[PDB]
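Only one chain is shown below, in structure tokens, and it's the form deposited in one PDB entry.
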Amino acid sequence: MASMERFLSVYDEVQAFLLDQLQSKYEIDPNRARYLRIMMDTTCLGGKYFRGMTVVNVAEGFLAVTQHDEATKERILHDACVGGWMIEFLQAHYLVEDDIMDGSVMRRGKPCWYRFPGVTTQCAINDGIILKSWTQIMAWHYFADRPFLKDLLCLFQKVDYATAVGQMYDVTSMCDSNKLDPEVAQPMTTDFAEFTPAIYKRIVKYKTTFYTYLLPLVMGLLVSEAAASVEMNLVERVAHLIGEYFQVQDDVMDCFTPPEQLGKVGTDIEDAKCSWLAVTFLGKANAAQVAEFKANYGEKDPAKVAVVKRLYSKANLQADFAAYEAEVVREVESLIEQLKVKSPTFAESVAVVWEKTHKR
């Protein structure tokens, strides 16, 4: 059976499980079960299932080189699917709540969940809570007796927390650190002294790379009982490296990809985000360009946003991007080679992960 069909069937099975449990143990009525079904579908489905399918891919890699009974192969693939869904549901939680937090309008060419007429923020916040609780319900049901349950739960928990910490880094990235204070309304930075490579890297490492690259890879190793084919330090290093690149690509697209291709109107400039474009621009600008950036960034006025974009185009950030890209290629290739020592298979899964990221 093809991987994607297996993964999508397991979605149906897990949905059915979750909703039947709600009826049998949580006293739910049909109409609220329907609302939850529709929320699950709207918030978990319609992406490329990169995260979840990486779990499946890593597990299939190991199946090709490990002796097992057929029933065990099926069990391992079922567990990889269920694990993949845990990650997709965790993403769903974060996108729901992030869209509310940011006051976002669209996501992947549809209204943000909270914007749906019969949803509202009051319900959507809670819906996103439930989305993450469902990851744990999945795990405890499908993996109750599994030898990797402890490790899987403890890793999930660490990634989830890393992610929330990353969110805090992101939403606070246009404040001056020394001015953080719950008691005082936070002004936007005037000096942009915290728009540095090191600070950018910390935001992205936590906000995105743990759940998007580390967790899928390591959960594939966990359901495969294969964590000893790898040096975990290398898996981390490669995950953080590819995940940074992913986020740089996303930063570039927010500014330059037409909205109907992007699936939204990018607002990083108006939101004063610490984006790769801003940090790279500030690293090569002259004094006059820096002043012009400060006078126009983080402002809703479309004239000012057009001034920031022009500053970026004139600064030939495309060539800094090509150079960053090259260096990442080098380093990813290096890490793949080091991974081949202990596991050719796992190194190949990481190559596939890289290829998929490098072309989007």
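One-based numbering along the sequence shown.
The following text describes the form solved in complex with a small molecule, which does not appear among the structures shown.
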{"property": "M86, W134 and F143 each touching the small molecule in the entry with it bound (heavy atom, 4.5 Å)", "result": "no"}
{"property": "Non-hydrogen atom contact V252 with the small molecule in the entry with it bound at 4.5 angstroms", "result": "yes"}
{"property": "Heavy atom of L317 within 4.5 Å of the small molecule in the entry with it bound", "result": "yes"}
{"property": "Touches the small molecule in the entry with it bound: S313 (any heavy atom, 4.5 Å)", "result": "yes"}
{"property": "Contact test in the entry with it bound: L277 vs the small molecule, heavy atoms, 4.5 Å", "result": "yes"}
